[PDB]
Protein chains: 4
Amino acid sequence: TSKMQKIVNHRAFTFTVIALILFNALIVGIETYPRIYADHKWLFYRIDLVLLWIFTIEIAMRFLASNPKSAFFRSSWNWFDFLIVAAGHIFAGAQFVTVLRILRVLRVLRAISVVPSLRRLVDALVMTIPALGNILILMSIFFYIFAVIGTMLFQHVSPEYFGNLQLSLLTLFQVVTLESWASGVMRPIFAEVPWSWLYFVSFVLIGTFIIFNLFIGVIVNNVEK
Amino acid sequence: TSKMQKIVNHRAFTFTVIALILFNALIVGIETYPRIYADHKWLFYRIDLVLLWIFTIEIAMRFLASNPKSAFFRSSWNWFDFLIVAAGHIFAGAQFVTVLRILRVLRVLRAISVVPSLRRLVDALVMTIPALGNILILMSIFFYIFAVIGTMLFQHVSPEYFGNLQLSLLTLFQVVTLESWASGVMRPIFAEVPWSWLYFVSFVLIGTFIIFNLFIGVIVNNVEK
Amino acid sequence: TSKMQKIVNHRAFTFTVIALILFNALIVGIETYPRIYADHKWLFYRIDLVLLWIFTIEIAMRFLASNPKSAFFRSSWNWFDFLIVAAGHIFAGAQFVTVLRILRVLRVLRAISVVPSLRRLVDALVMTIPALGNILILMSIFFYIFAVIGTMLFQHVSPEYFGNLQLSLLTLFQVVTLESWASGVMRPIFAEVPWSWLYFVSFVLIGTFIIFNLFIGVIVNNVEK
Amino acid sequence: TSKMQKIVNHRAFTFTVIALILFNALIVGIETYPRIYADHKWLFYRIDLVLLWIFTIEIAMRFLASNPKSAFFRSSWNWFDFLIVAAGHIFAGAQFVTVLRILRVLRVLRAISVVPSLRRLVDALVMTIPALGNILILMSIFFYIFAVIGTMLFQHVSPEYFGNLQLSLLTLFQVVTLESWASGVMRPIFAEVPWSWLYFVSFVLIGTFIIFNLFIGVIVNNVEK
Ligand SMILES: CCCCCCCC/C=C/CCCCCCCC(=O)O[C@@H](COC(=O)CCCCCCCCCCCCCCC)COP(=O)([O-])OCC[N+](C)(C)C
Ligand SMILES: CCCCCCCC/C=C/CCCCCCCC(=O)O[C@@H](COC(=O)CCCCCCCCCCCCCCC)COP(=O)([O-])OCC[N+](C)(C)C
Ligand SMILES: CCCCCCCC/C=C/CCCCCCCC(=O)O[C@@H](COC(=O)CCCCCCCCCCCCCCC)COP(=O)([O-])OCC[N+](C)(C)C
Ligand SMILES: CCCCCCCC/C=C/CCCCCCCC(=O)O[C@@H](COC(=O)CCCCCCCCCCCCCCC)COP(=O)([O-])OCC[N+](C)(C)C
Ligand SMILES: CCCCCCCC/C=C\CCCCCCCC(=O)O[C@@H](COC(=O)CCCCCCCCCCCCCCC)COP(=O)([O-])OCC[N+](C)(C)C
Ligand SMILES: CCCCCCCC/C=C\CCCCCCCC(=O)O[C@@H](COC(=O)CCCCCCCCCCCCCCC)COP(=O)([O-])OCC[N+](C)(C)C
Ligand SMILES: CCCCCCCC/C=C\CCCCCCCC(=O)O[C@@H](COC(=O)CCCCCCCCCCCCCCC)COP(=O)([O-])OCC[N+](C)(C)C
Ligand SMILES: CCCCCCCC/C=C\CCCCCCCC(=O)O[C@@H](COC(=O)CCCCCCCCCCCCCCC)COP(=O)([O-])OCC[N+](C)(C)C
Ligand code: NA
Ligand code: NA
């Protein structure tokens, strides 16, 4: 025999939850001001516990009235909600307290799934990645090749930018965004090894011919259907 | 009984007004040269008063011959004109005189509405925002989440960029435009907290995957109809 | 009675001219090396005179066999060629010799019109400006408004960037390209007048919402037909 | 009489080769850590020789069972593979050893052709260049003209940026990407020769009106068919 499955889908419930979130998006933006932080310390503690408990019972009521161990877990969205709330209860203890606050901010991130207009949008934004699934592998192979070539070439001439396979993977990401790729990344080096203009000029051409052909691929694909 | 509603829509009136504006766009660009400013001081005063009065009577003649208290106020454009001119008469006094000059420059902005070719264009440019009304909320939620996370993480390590919820909202806007996001914003910080490359690299990827999907959304939408 | 109009349109003539240009594109790129410049001085003088004369007779033969004072001047392209060559003969004298060399380089620019594949392309690229003829006026009005507002606001706080109506028109062009608009242009100023983040943030949003709507306008228009 | 042409196209062969490559993409990324490099020196030597030999016999088996001296060489892809492997055997000697390592990294680049999903993609990405074959010539002519004009104009005022026809060809490439084109490239110069704002402002407008019309050309072309 069923039960109160007719109120969790009521319109006087979504608005309650969004009001709660928006209040939590404010109580967590406010507590970044040390002045008002210490002045109302041990109040944020309580109100955080309250909001956490309300959210916990909230997902609970959204679980019982949704085909128990059947469909509630068949969706990714429900898993996202339950994951955050459970993560709230998990880390609550004498630990690296800082990782507890980021979870509160992510609670405000949950406002994406309780606004049916946004949930559908982010679904559309996520189900376009499988389309550009090959260009991304081709972009990763070239990122890797250049990250190895740059490391074994500019290791003892600029250890800040090309020091290891990771620092030189970061330098290669600053350059695809064309951020100081020449004034800072490539001018000092091109003074030591003069044939190095070939590395950066060939990378900026290839790495930008692939990016613009990913962008065009999405334009064509989305317009197609 | 009607009156001279047949001259405000005459073509020998729009050209008069545009001539007046273009003259005011010149008399206000010229007065930014202190040399010629002081040398012809107390002349700009008079000519400003003249232009203001002509503009005032101008909107008046555009009001009486346009269904009195009926349609003249039903449009946004007419409200824009009347608002500027009234703002001219409002602030004229012994006050922060500098806020009076900006109103003159905005008088030249009014040239958008008296050129029927431009008015229609800006109407089309404004009535495309409701289309991208969801992507903007999704972009604002992520701006806010990252502005709070960055503030409560990089507060005592770079107070210039992430000092409060607002300074760190400005830093996060410089980074979406990819302006010195790594050379200046993220290199000094990544030296203090080494795991911070995750903050900026994840933000530049997410915040740019949303922007390019807003741009594509507009391309698809406008091409659609 | 007609004459040799059947050789200027011969295919053994375009190739001669392109060979000449490509040789002039080399003789003018080579003379920028002072070493080989002085070492073969007074040779470049002669060969320049030769090439100039050949080009002059070349347009002459392209003039006589093309409906004398009828259609030869009805086209813009022919005017472009004749203008450059005449400009070559005009400035040749005891003058600011430097303005003579730029004319040689522009002779190599003439290679656009003698390659029928390029001439058609640049025609298509030029006859799309009348399409975006309104967005450009709307972009110019906003450039001007902000150039005046910035000048009468940031004149005595950063005379390098906003000194007059022109220096502040240049600063406003560096910012639409998002080049150091915050690290260099807006950070020093935002320290003097704190409410100035409104100027640059509002300009970067408006000036980029118009540019992307010009780009989209061209995409839609060109795809349309 | 034919032979074992039925195993090189077996699906238990492509996976073997990709496993080998992915292992070589790891053995070459790992050897950029000097710590683990010297500690396991003279082991990388052996394993490199092994992988090289396996790859050599691998292309050999892909050659014999593919119409001997007929079609194996009619394709560009097969030439690419054989070229890399032969280049591996070629340079192996008492020479500039550094050019030997880059060949290993390029062996991992070969993973593009043995993944039928990628090979087709890169074919599509390469057969779109003939489409934009005219815009590229028009872009090269303007790059060259400006590279000569800038060199013969800003030679003795900024020898770092415009020193010769090549250094000024590099400066002109940093500017089309809008990287520090004003803060670094054009501000110091505009202080010496004041009319030089014309060079950079006219170049950034022309060189960006051509790039955006190349991008649009590809959008239109790819959407067309
Ligand atoms: C279908 C084809 C797919 C093509 C993809 C190719 C993928 C091929 C994958 C290749 C794998 C790369 C080789 C891994 C080498 C790590 C081993 C190592 O040396 O660790 C070092 C530590 O240093 C570290 O801290 C580890 C850092 C991890 C490197 C991350 C690079 C991942 C590249 C991903 C590229 C993705 C693309 C990038 C853009 C997204 C240890 O050495 P040590 O410093 O001397 O310290 C002493 C040892 N100790 C620590 C035990 C005491
Ligand atoms: C559908 C879901 C929507 C999601 C949207 C989520 C929106 C949720 C909204 C969240 C609201 C954010 C919390 C506001 C906290 C202000 C209170 C405060 O502490 O003031 C401080 C002053 O400091 C100031 O000067 C006030 C500055 C206003 C902050 C502007 C951030 C707005 C974020 C908008 C984000 C938009 C996105 C950004 C990109 C566009 C006072 O503290 P004090 O300094 O110690 O001074 C002593 C007090 N005294 C001054 C009285 C003497
Ligand atoms: C349909 C609606 C259209 C809307 C468009 C609005 C256009 C409205 C047009 C407005 C015109 C702007 C006012 C001109 C003022 C110049 C007078 C002056 O003071 O000269 C000064 C010299 O300084 C100079 O060297 C002159 C520099 C010319 C300014 C170029 C700005 C053009 C703006 C174009 C904007 C285009 C957009 C920008 C983006 C493309 C003289 O003063 P002085 O220094 O003290 O020297 C002593 C005098 N002496 C030199 C004689 C001895
Ligand atoms: C259809 C129409 C097509 C239009 C295209 C137009 C193409 C027209 C082509 C024009 C060719 C350009 C002229 C070449 C001049 C080199 C001669 C020289 O002086 O060498 C100097 C060395 O300096 C060097 O090291 C050589 C560097 C090569 C210059 C590369 C520019 C290529 C431009 C490509 C532009 C492509 C576009 C750019 C963007 C991709 C020698 O002089 P020196 O220093 O005093 O040393 C003493 C001599 N010594 C060394 C023997 C001892
Ligand atoms: C990868 C693509 C290449 C393109 C080829 C183009 C032509 C190839 C041009 C030149 C090739 C040969 C150069 C001769 C000298 C080489 C060695 C050298 O010494 O370097 C010298 C110059 O070298 C440069 O500065 C490179 C010039 C930049 C070319 C950028 C082209 C942008 C393409 C635009 C794309 C748009 C169009 C799209 C069309 C694709 C510098 O060293 P140095 O002078 O000896 O000084 C001493 C060392 N010191 C610095 C420490 C003091
Ligand atoms: C968010 C997405 C991640 C992507 C994962 C990719 C693989 C993940 C790779 C590495 C992951 C693990 C790194 C091992 C070390 C971590 C901790 C650390 O010490 O940092 C170290 C290095 O760390 C880096 O520099 C990060 C490398 C930049 C990766 C950028 C990938 C760009 C994606 C391209 C997108 C295009 C393709 C699109 C495909 C999506 C730095 O610290 P340190 O060495 O100890 O030095 C001491 C501290 N000190 C600096 C103060 C002196
Ligand atoms: C134009 C659009 C506005 C947007 C409104 C957004 C919310 C409005 C937020 C705040 C509004 C009110 C701010 C309170 C303080 C104002 C006065 C002040 O003192 O400034 C202070 C902070 O001020 C800032 O730093 C501005 C924050 C940048 C907002 C950028 C939003 C990016 C939009 C993203 C677009 C993507 C989404 C698209 C959606 C459109 C700085 O001064 P101070 O702290 O007193 O320090 C002393 C002075 N000193 C610096 C010299 C030492
Ligand atoms: C190529 C296109 C041009 C556009 C024309 C626009 C109007 C033309 C405007 C002015 C033209 C005439 C200027 C008068 C002075 C010239 C000589 C001079 O002295 O320079 C002076 C100022 O000069 C500038 O700063 C130039 C202003 C930048 C205009 C950028 C327009 C951006 C177009 C936006 C595109 C978007 C819209 C698209 C529409 C296309 C500087 O020298 P000085 O003051 O004597 O100082 C002493 C020297 N010192 C510096 C070493 C100390
Ligand atoms: Na940029
Ligand atoms: Na930059």
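Each answer follows from the model by the rule given with it, or from the source it names; no laboratory instrument gave them. Cβ sites come from the backbone with ideal geometry, for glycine too, and all protein chains shown count toward neighbours.
For D:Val97, indicate whether it is more than 16 Å from ligand 4 (Cβ to nearest atom) and either within 30 Å of D:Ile21 (Cα to Cα) or in contact with a strand residue (DSSP E or B) (Cβ under 8 Å, 6 or more places away or on another chain) (or both). For D:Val97, the condition - more than 16 Å from ligand 4 (Cβ to nearest atom) and either within 30 Å of D:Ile21 (Cα to Cα) or in contact with a strand residue (DSSP E or B) (Cβ under 8 Å, 6 or more places away or on another chain) (or both) - is met. Considering (1) away from every other protein chain (no Cβ under 14 Å); (2) out of contact with any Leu (no Cβ under 7 Å at 6 or more places or on another chain); (3) under 22 Å from C:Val148 (Cβ atoms), the lone condition that B:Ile102 does not fulfil carries the number (1). Does A:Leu165 count as within 16 Å of ligand 5 (Cβ to nearest atom) and either among the aromatic types (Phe, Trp, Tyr) or in contact (Cβ under 8 Å) with a residue 12 or more places away in the chain (or both)? For A:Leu165, the condition - within 16 Å of ligand 5 (Cβ to nearest atom) and either among the aromatic types (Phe, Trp, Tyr) or in contact (Cβ under 8 Å) with a residue 12 or more places away in the chain (or both) - is not met.
Selection within the range D:5-47: residues that are in contact with a helix residue (DSSP H, G or I) (Cβ under 7 Å, 6 or more places away or on another chain) and more than 16 Å from ligand 1 (Cβ to nearest atom). The member of this set that is nearest to A:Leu169 (Cα to Cα) is D:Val8. Scanning the range B:1-24 for residues that are over 25 Å from B:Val105 (Cβ atoms) and not hydrophobic (A, V, I, L, M, F, W, C) turns up B:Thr1, B:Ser2, B:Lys3, B:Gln5, B:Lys6, B:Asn9, B:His10, B:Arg11. Within the set B:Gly207, B:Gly163, the sole residue that is in a loop (DSSP other than H, G, I, E, B) and either within 27 Å of the chain's Cα centre (by Cα) or surrounded by fewer than 19 Cβ atoms within 10 Å (Cβ to Cβ) (or both) turns out to be B:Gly163. Can you pull out every residue in the range D:25-46 that is hydroxyl-bearing (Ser, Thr, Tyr) and loosely packed, with under 11 Cβ neighbours inside 10 Å? Across the range D:25-46, the qualifying residue is only D:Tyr45. Those helices (runs of 4 or more DSSP H) of the range A:1-110 in which at least 1 residues are touching a residue at least 60 places away in the same chain (Cβ under 8 Å), considering only elements entirely within it, cover A:11-30, A:44-64, A:98-109. Restricting attention to the range C:170-181, does a residue exist that is surrounded by 13 or more Cβ atoms within 10 Å (Cβ to Cβ), of a type outside the set (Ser, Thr, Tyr) and farther than 17 Å from D:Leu205 by Cβ? There is at least one residue in the range C:170-181 that is surrounded by 13 or more Cβ atoms within 10 Å (Cβ to Cβ), of a type outside the set (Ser, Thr, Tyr) and farther than 17 Å from D:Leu205 by Cβ.
For the range D:58-79, the criterion of being in contact with a helix residue (DSSP H, G or I) (Cβ under 9 Å, 6 or more places away or on another chain), within 14 Å of chain A (Cβ to nearest Cβ) and surrounded by 12 or more Cβ atoms within 10 Å (Cβ to Cβ) is satisfied by no residue at all. On the stretch given as the range B:174-220, residues that are more than 16 Å from ligand 10 (Cβ to nearest atom) and among the β-branched types (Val, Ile, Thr) total 10. Quick one: which residue in D:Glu179, D:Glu192, D:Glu224 is assigned by CATH to the domain that holds D:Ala147 and within 16 Å of ligand 5 (Cβ to nearest atom)? Exactly one residue qualifies, and that residue is D:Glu179. Considering the range C:186-212, the residues that are touching a helix residue (DSSP H, G or I) at 6+ places or on another chain (Cβ under 6 Å) and more than 24 Å from C:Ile137 (Cβ to Cβ) include one that is farthest from the other protein chains (Cβ to nearest Cβ), namely C:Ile189. Annotation: of all residues in the range B:1-47 being of a type in the set (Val, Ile, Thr) and in contact with a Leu (Cβ under 8 Å, 6 or more places away or on another chain), the one that is farthest from the other protein chains (Cβ to nearest Cβ) is B:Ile27.
Restricting A:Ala92, A:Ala87 to those that are farther than 25 Å from B:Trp181 by Cβ, exposed (fewer than 15 other Cβ atoms within 10 Å of the Cβ) and more than 16 Å from the chain's Cα centre (by Cα) reduces the list to A:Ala92.
Within the set C:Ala60, C:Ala131, the sole residue that is more than 30 Å from B:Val105 (Cα to Cα) and small (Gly, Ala, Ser) turns out to be C:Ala60. Residues that are farther than 30 Å from B:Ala25 by Cα, within 16 Å of ligand 7 (Cβ to nearest atom), over 26 Å from the mean Cα position of the chain (by Cα) and not in a loop (DSSP other than H, G, I, E, B): does the range C:172-188 have at least one? For the range C:172-188, residues farther than 30 Å from B:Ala25 by Cα, within 16 Å of ligand 7 (Cβ to nearest atom), over 26 Å from the mean Cα position of the chain (by Cα) and not in a loop (DSSP other than H, G, I, E, B): present. The set of residues in the range C:19-73 being touching a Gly at 6+ places or on another chain (Cβ under 9 Å) and either within 16 Å of ligand 7 (Cβ to nearest atom) or not aliphatic (A, V, I, L, M) (or both) consists of C:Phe55, C:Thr56. Does D:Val204 satisfy the condition of being of a type in the set (A, V, I, L, M), in contact with a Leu (Cβ under 8 Å, 6 or more places away or on another chain) and more than 16 Å from ligand 7 (Cβ to nearest atom)? It is true that D:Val204 is of a type in the set (A, V, I, L, M), in contact with a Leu (Cβ under 8 Å, 6 or more places away or on another chain) and more than 16 Å from ligand 7 (Cβ to nearest atom).
Taken together, the criteria place A:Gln174 among residues that are within 16 Å of ligand 9 (Cβ to nearest atom), within 12 Å of chain B (Cβ to nearest Cβ) and either under 27 Å from A:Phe215 (Cβ atoms) or out of contact with any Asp or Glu (no Cβ under 9 Å at 6 or more places or on another chain) (or both).
Scanning the range C:27-61 for residues that are under 25 Å from the mean Cα position of the chain (by Cα) and more than 16 Å from ligand 5 (Cβ to nearest atom) yields C:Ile27, C:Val28, C:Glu31, C:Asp48, C:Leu51, C:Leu52, C:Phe55, C:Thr56, C:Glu58, C:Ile59. Pairs meeting the criteria (first residue in the range D:133-158 and within 7 Å of chain C (Cβ to nearest Cβ), second residue within 9 Å of ligand 5 (Cβ to nearest atom) and assigned to a helix (DSSP H, G or I), beta carbons under 7 Å, at least 6 apart or on different chains) are D:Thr151/D:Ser168. When the residues of the range D:123-154 are filtered to those that are outside any helix (DSSP H, G or I) and surrounded by fewer than 17 Cβ atoms within 10 Å (Cβ to Cβ), the one that is farthest from ligand 5 (Cβ to nearest atom) is D:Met127.
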